Each structure stands twice: as structure tokens, then as C-alpha cells.
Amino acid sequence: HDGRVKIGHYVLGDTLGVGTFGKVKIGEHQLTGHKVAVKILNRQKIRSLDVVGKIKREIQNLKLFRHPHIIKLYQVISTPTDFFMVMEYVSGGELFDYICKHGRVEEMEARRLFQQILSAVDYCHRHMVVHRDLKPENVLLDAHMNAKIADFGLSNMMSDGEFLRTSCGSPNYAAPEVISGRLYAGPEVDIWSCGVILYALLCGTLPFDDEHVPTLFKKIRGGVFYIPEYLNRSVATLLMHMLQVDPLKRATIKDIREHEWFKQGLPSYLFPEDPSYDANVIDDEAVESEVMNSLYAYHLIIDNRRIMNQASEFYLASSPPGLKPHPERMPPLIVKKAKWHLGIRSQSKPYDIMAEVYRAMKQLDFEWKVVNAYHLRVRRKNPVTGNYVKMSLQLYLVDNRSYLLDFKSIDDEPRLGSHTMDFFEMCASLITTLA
């Protein structure tokens, strides 16, 4: 008999490539010849790096995900030595190879591919996931030239009040703060990478490239890149906004969706709140047994959601760039103004601040956990409610001579009292003691 390497009825063949974690091999069905992509993850190698939780979360996300521009995960086969991830196979290969072969991608096809990439990116961000490794090498193409993002890894979840500092990605596609090794929010980091992809599609070159690595990162931090004469004035402004050095000034998916160049020939089924989206995409919200293509109440929720979403100015405020005012607007106090600040600010030494924090907490009978020299997990038992109030303290650097102590509530387990009031009162006690 032949020594054919078989896994879950699939015959393993040539290696398609090596990702951030694991080896990817082609799989063809023993009976039909159906092609799949099998990512093999060595169990001991996962234990050796202590990224079990990362692999566990990576599998969880790819199972839930359902998007036409993200590589679909069919099944995971567990063996005593390895993990076999059976995925959707795409014959077209890397977008990087397509850009190289044609030298430069035409405006019509470049926009079509970018619209698909941004749709897949928006799906991840709405599902609290950030890829952190967007590049034409990680963007695959199907027989019908449709872009499907892949190589989830070097990626992490997005939680409320938390930031990500891990430096992930290739230097040419990494944002200025990743290069700098600074804390960041998830979405603007992926948008910078998409900006480089759009530049690479339309030009066939990188906006920030150099042989000398320190010069390359100086180029990224400076944000100075060539805008060739063949690029139209409209697409030039989009690239300039997406590749903005300042993350607060940087373009959002909402800004790109509104941009005149991006809007052209954009299908009505790619983004939410679009005429064809509600009719072509199944809402995750399930209300346990599944009933499809049979009469009866899911669409009633879809209709009700559409009315409320259409009714803007009712659920959200409209920031200003004649106009009737609201009858309940109240006049200014009499020529008086006030400004809010994030936290108590000190100009003294970092350990001088921390020593005062420990002295203030012990006088207030607080119980704390030392996570980092500048990061604590503080607790206090409320006497009336008989519950525990949890919060997180973190010292940051505002400027070279200026510091800040950040206060953040821990949402875990107050029916008798109030969780938000418990946090404010715990903060007020600490601020007053520090004087």
C-alpha cells in the first residue's frame, strides 16, 4: 500500500506557505478531489511559547466569523501531537504576487479589491478583533479575483477601557506608534496597514521603504511619502488621511465609506446599514432552534432595528462643522466656562507618586494587587451594600516633566446600591487623601 498522508478524508500535498504560527499544506479529498488548506499547529511548539490562550481565542473567532472576504474555517482536527485547521482554499494565491506580475493594478480593479479588504476589516472591528498584520502577502485571491484576508495571528481581542502595546506586523506596514512601541487602540493600527495596501495596489511600490531599518522607521514617524503624478487628486487625499501620523487625526472606516473615490461602484451588500446588507446577511442575534426558509418574527427585529437606526439625532448627537435649535437648550451661566481633565496630575518623581498611593490606600483599608510597578488592582468592601468595589490604577507619562494617575472601574461581581456610584466614591476617597 501507498504511504499517503491522510487527515479527515483529505490527502495532504505541497506546502502553500509558512505563517506566523504553523505550516499550511494543500489537502485534496480522497474520493472527490475537493481542495482545502490545512494549517498544521504543533502542540509542543504552542506549549514552548505559552500561546495556548492565543490559539484558543484564534479558533473561537474563526468559528464565529462568516464573511465572504475572510478565509472560512471548516473544521479543526485534534491529534496527540498536532492541530489540523481545515480551511477554504483559494487558487489565486497572494495579492502581493498579483501586484508584482502586473507591476501596477488598474484604478477600477484596485478600488474593487480595496472595497472588499475594508469590508473584511470592518467585520473584524465590529466583532472586537484586530488582525494587526494586513499586507498584500496576507491578502489572498479566489478564481473570480475576490480578495480574502487570512493568517489571523499576531492579532488580539478589543476590550472596554483597555489598550494594546504588543508590536505586531512587518515594519513597512506597521503604524508609527507600533514602530515607537507605544500603547494604542485597535482600529487605527489596521487602517494604517490598509493605507499601505492601497498605495501598493495603485503604485506597485511601498510608501515607506529603505534598506537601513532606523531610516525606514524615521520615514514612518515623519509620514513623508511620494504621491505620483498618475494618481488622481481624489485618491491622493484618501491616502493622506489613512496614512496620517496622528492616530486621532487618522481616517476611520466611516470616513473612508463617506469618501467620494471609495463610494464609486461600491456594492450595496458589503457594509452594514446598506440597502442590500439586511437582505443578503444573516444577523448574529438569534432569538436556540434554527428555522430558515419557513414562515415565522426574525424580520420584525430587522425592521424595528432599521427604523431606530434611520432615526439619527434621536439616539446620537450630531457634532457641528440657519439651523433650528432645541426648545430645552439652556443658556450659559452668568460668561462662565469649565474644562474636564482625565486624572490627577503630578510633576514629582514616579516612585514619589506611587509611595503616596500605597500610603493613601492603607489608611483607607484598601486591598491591592501589584500587577506592575505602575499598575495596581485595588479593592474595597462597601459597608452598607456588603459588596466589593474593584478598580484599576495606572501611572502614565503626560510629558517629560508631567505625569498622570488613571482611574478605571472593574465591571465584575450592586442591586442594593449602584456600581457607577461605588466607583466614583472609591475614587473621591483616594483623590481627597492624596490632597
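For every residue, the number given is its place in the sequence shown, counted from 1.
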| property | result |
| --- | --- |
| Residues of the deposited sequence that sit between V335 and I334 yet are not modelled | 10 or more |
| Missing residues, deposited sequence, between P321 and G322 (class: none, 1 to 3, 4 to 9, 10 or more) | 10 or more |
| Entry-level comparison of average CA B-factors, 366 to 374 and 59 to 67, reporting the higher stretch | 366 to 374 |
| Greater mean Cα temperature factor according to the PDB record, 245 to 253 or 340 to 348 | 340 to 348 |
| Identity of residue with top Cα B-factor, from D142, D284, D190, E177 | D284 |
| Largest Cα B-factor, entry values, listed residues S276, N146, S159, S155 | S276 |
| Within-chain third of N293 by Cα B-factor, per the entry | highest |
| CA B-factor placement of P228, once the chain's modelled residues are sorted into thirds | highest |
| Among modelled residues of the same chain, the CA temperature factor third for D411 | middle |
| CA B-factor placement of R132, once the chain's modelled residues are sorted into thirds | lowest |
| Chain-relative CA temperature factor third for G93 | lowest |
